[PDB]
Amino acid sequence: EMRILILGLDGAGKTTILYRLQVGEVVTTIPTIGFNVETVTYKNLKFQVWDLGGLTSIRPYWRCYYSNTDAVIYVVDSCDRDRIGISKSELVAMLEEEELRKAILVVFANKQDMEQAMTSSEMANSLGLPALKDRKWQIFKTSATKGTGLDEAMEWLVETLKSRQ
Amino acid sequence: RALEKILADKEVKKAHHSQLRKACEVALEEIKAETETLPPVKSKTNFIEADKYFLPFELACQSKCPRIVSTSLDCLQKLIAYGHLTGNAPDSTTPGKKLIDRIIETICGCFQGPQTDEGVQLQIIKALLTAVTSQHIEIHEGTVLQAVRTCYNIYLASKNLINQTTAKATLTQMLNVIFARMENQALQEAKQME
Ligand SMILES: Nc1nc2c(ncn2[C@@H]2O[C@H](COP(=O)(O)OP(=O)(O)OP(=O)(O)O)[C@@H](O)[C@H]2O)c(=O)[nH]1
Ligand SMILES: [Mg+2]
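Rules behind the numbers
Residues numbered from 1 in each chain as written, not as in the entry; some residues may be left out. Chains lettered and ligands numbered in written order. Heavy atoms only, no water. Residues with missing side-chain atoms left out of burial classes, pairs and counts. Helix = DSSP H or I, 4+ residues; strand = E, 2+ residues; numbered from the N terminus. Rg over C-alpha atoms; globule rule 2.2 N^0.38 Å. Contact = heavy atoms within 4.5 Å. Salt bridge = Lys/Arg side-chain N within 4 Å of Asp/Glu carboxyl O. Pairing = 2+ DSSP bridges. Right-handed = clockwise from strand over helix to strand, strands pointing away. Nonpolar A, V, L, I, M, F, W, Y, C, P; charged D, E, K, R; others polar. Axes fitted to C-alpha atoms, helices over the stretch in contact; angles between N-to-C directions. Parallel < 35°, antiparallel > 145°, perpendicular 65-115°, else oblique. Left-handed = near helix turned anticlockwise from the far one by under 90°. Polar contact = N/O pair within 3.5 Å; in protein donor to acceptor, adjacent residues only side chain to side chain. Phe/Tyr/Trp six-rings, centres within 6.5 Å; stacked < 30°, edge-to-face > 60°. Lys NZ or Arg CZ within 6 Å of the ring centre and 35° of its normal.

This entry, as listed in the PDB, derives from X-ray crystallography and reports a resolution of 3.4000 Å.

Here's what the structure looks like:
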């Protein structure tokens with residue numbers, strides 16, 4: 001059983017993803033204050049996946065949960081052109097935490113289905129992903145609503161975790 | 001919508017405790033009479049707000065099969081965070097404490113020492129969290145303390161590092177939430193006088 005944090009700004013689609021992953025469907029959500037924790041099985045691997053709220057005021061607490069984290073699913077709204085700089089700077093901050101030194105990063109460029117979506121390449125550049133030191137990471141175009149791209153991202157994460165010292 | 005599914009699932013695990021089985025059936029029936037995605041529905045009044053429908057859960061928490069305690073703590077956490085369990089006047093107990101303070105006391109009462117199932121332990125920590133911090137419901141400050149206590153208890157006496165660092169986390173969050181609420185209550189007091 002492996003530990004995953006689903007992180008990202010409020011409204012990104014984190015919760016939608018969690019339950020899309022667990023029960024294979026889209027459900028109606030509220031802003032997660034506190035946290036949701038559910039156990040997800042994919043391609044026969046067991047994950048304890050934790051969804052935490054992204055609200056401005058509840059972001060400082062993310063770090064309290066970084067302990068023994070195997071992977072971060074970092075969900076970014078591809079249509080939110082306004083706060084992608086915040087997504088960048090908050091991602092920069094979290095990857096500096098010693099707890100996460102060993103952690104695998106997967107970026108969900110979410111809401112890809114939408115007309116106003118930034119390109120996968122544009123987002124990667126925006127987040128300074130190529131500027132990442134010692135990170136095994138990949139970016140994925142996704143739609144939690146439509147089910148687009150999730151299995152592709154999960155296949156990547158699963159194979160990547162199957163890489164042991 | 002969640003209610004129905006979860007209650008039927010409640011019937012499945014064991015009937016060796018017949019009283020629990022019967023209470024689940026009666027609550028399910030009242031739901032059918034009031035009616036006349038498997039995770040819980042939205043706040044609105046059209047959905048018949050489940051308040052005293054509660055009682056088969058008090059059973060579920062005090063049941064012994066820890067997988068069904070864990071189940072109970074979960075769905076409680078869910079619907080209370082959705083704003084579906086607002087609470088009311090004191091029921092089957094002395095006043096000076098609302099029904100909300102009762103459910104919280106029954107979730108605090110699932111943890112008794114390091115022996116208790118860890119799935120339950122976490123579920124508690126989680127329910128306790130979205131309870132204290134629900135935009136939707138105020139708490140008697142003594143019930144707050146009991147919440148805090150049960151959490152700190154799980155933190156100190158756990159032997160599951162996950163639950164330790166998450167109880168430490170929700171501990172911080174809870175204290176900071178309730179403190180801020182006390183702060184602006186006092187500042188509204190310092191300004192309404194003016
Ligand atoms: N078009 C489109 N909409 C989406 C997609 N994913 C999520 N949404 C919608 O955007 C909203 C995102 O909300 P959540 O899934 O709660 O996002 P969150 O990051 O968990 O929110 P917090 O927990 O408050 O931080 C949902 O109500 C979805 O309806 C997507 O891939 N495409
Ligand atoms: Mg959410």
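Moving on from the coordinates now.
Caption draft 1: Broad picture of the overall build of chain A. Broken down by element type, chain A carries four helices and six strands. Counting from the amino terminus, helix and strand elements in chain A follow one another as β-α-β-β-β-α-β-α-β-α. Relative to the 2.2 N^0.38 estimate, which gives 15 Å for 165 residues, the radius of gyration of chain A is 14 Å and therefore close to what a compact globule would have. In terms of its C-alpha atoms, chain A occupies a principal-axis envelope of roughly 40 × 35 × 30 Å. Considering only contacts within chain A whose residues lie at least 6 apart along the sequence, 70% involve residues at least 24 apart.

Caption draft 2: Spatial organisation of unusual backbone geometry. Its identity as a non-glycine residue notwithstanding, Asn-68 of chain A has a phi of 55°, on the positive side. Following the sequence through the fold, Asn-68 of chain A ends up in the loop between β3 (45–52) and β4 (71–77). Positive phi, normally seen in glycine, also occurs at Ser-92 of chain B, with a value near 55°. Residue position: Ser-92 of chain B is located in the loop between α4 (66–82) and α5 (99–108).

Caption draft 3: The pattern of salt bridges, seen in detail. Residue and element names in this part refer to chain A. Put simply, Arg-83 and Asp-10 hold a salt bridge, and the shortest N to O gap is 2.8 Å. Of this pair, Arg-83 sits in the loop between β4 and α2 (84–95) while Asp-10 sits in the loop between β1 (2–7) and α1 (14–23); the two residues are 73 residues apart in sequence, bridging distant segments of the chain. One salt bridge connects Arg-63 with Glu-97, and the closest N-O pair in it is separated by 3.6 Å. Here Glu-97 lies in the loop between α2 and β5 (104–110) and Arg-63 lies in the loop between β3 and β4, a separation of 34 residues in the sequence. Connected via shared salt-bridge partners are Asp-10, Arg-59, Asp-80 and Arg-83.

Caption draft 4: How the structure looks around the pairing of β4 of chain A. Residues and elements named next belong to chain A. Note that β1 and β4 share four bridges and pair parallel. Residue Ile-6 lies in a different strand from β4, and its bridge partner there is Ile-73. Pairing of β4 with β5 involves seven bridges; the strand directions are parallel. By the bridge assignment for β5, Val-72 is matched with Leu-105. One crossover worth recording links β4 to the parallel β5 by way of α2, and it is right-handed.

Caption draft 5: Expanded view of the interface of chain A and chain B. Counting residues at the interface gives 21 residues for chain A and 21 residues for chain B. Secondary-structure elements contributing two or more residues to the side of chain A that touches chain B are β2 (35–42) and β3 of chain A. A total of four residues in the side of chain A that touches chain B trace back to one element, the largest contributor, which is β2 of chain A. When grouped by side-chain class, the residues that make up the side of chain A that touches chain B number twelve nonpolar, seven polar and two charged.

Caption draft 6: How the structure looks around the sheet that holds β3 of chain A. All names here are of chain A. Across the sheet, which stays open at both edges, the six strands sit in the order β2-β3-β1-β4-β5-β6 with mixed pairing between neighbours. Each edge of the open sheet carries a strand with a single partner, namely β2 and β6 (137–142). Strand-to-strand twist in this sheet, taken as the mean axis angle between neighbours without regard to direction, amounts to 25°. Of the strands in this sheet, β1, β2, β3, β4 and β5 touch α1, which is tilted by about 35° from β2.

Caption draft 7: How the structure looks around the packing of α5 of chain B against helix α7 (residues 141–156) of chain B. Residue and element names in this part refer to chain B. At their nearest, the axes of α5 and α7 sit 10 Å apart, and the two run at 15° to each other. By the angle between their directions, the pair α5 and α7 is classed as roughly parallel. In terms of crossing hand, the pair formed by α5 and α7 is left-handed. From α5, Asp-101, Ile-104, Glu-105 and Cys-108 reach across to α7, where they touch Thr-143, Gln-146, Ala-147 and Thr-150. A breakdown of the residues in the contact of α5 with α7 according to their chemical character gives three nonpolar, three polar and two charged.

Caption draft 8: Structural context of the side chain of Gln-123 of chain B. All names here are of chain B. The topology assignment puts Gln-123 in helix α6 (residues 118–132). Side-chain polar atoms of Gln-123 contact the backbone nitrogen of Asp-74, separated by 3.5 Å. Contacts of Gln-123, omitting those with residues within four sequence positions, involve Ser-70, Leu-73 and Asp-74.

Caption draft 9: A look at the packing of aromatic side chains. All names here are of chain A. Both rings, one in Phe-35 and one in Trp-50, keep their centres 6.1 Å apart while their planes meet at 50°; by these two values the pair is tilted. Of the two residues, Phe-35 sits in strand β2 while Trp-50 sits in strand β3, which places them 15 residues apart along the sequence. When the centroid spacing of 5.9 Å and the interplanar angle of 70° are considered together, the rings of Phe-35 and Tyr-65 count as edge-to-face. Note that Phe-35 is positioned in strand β2 and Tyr-65 in the loop between β3 and β4, a separation of 30 residues in sequence. Grouped by ring-pair contacts, the aromatic residues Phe-35, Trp-50 and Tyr-65 constitute a single cluster. Across from the ring centre of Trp-50, 4.3 Å away, lies the NZ or CZ of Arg-3, which sits over that ring.

Caption draft 10: Representation of the pairing of β2 of chain A in the model. The pairing of β2 of chain A with β3 of chain A spans eight bridges and is antiparallel. Bridged to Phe-35 of chain A within β3 of chain A is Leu-52 of chain A.

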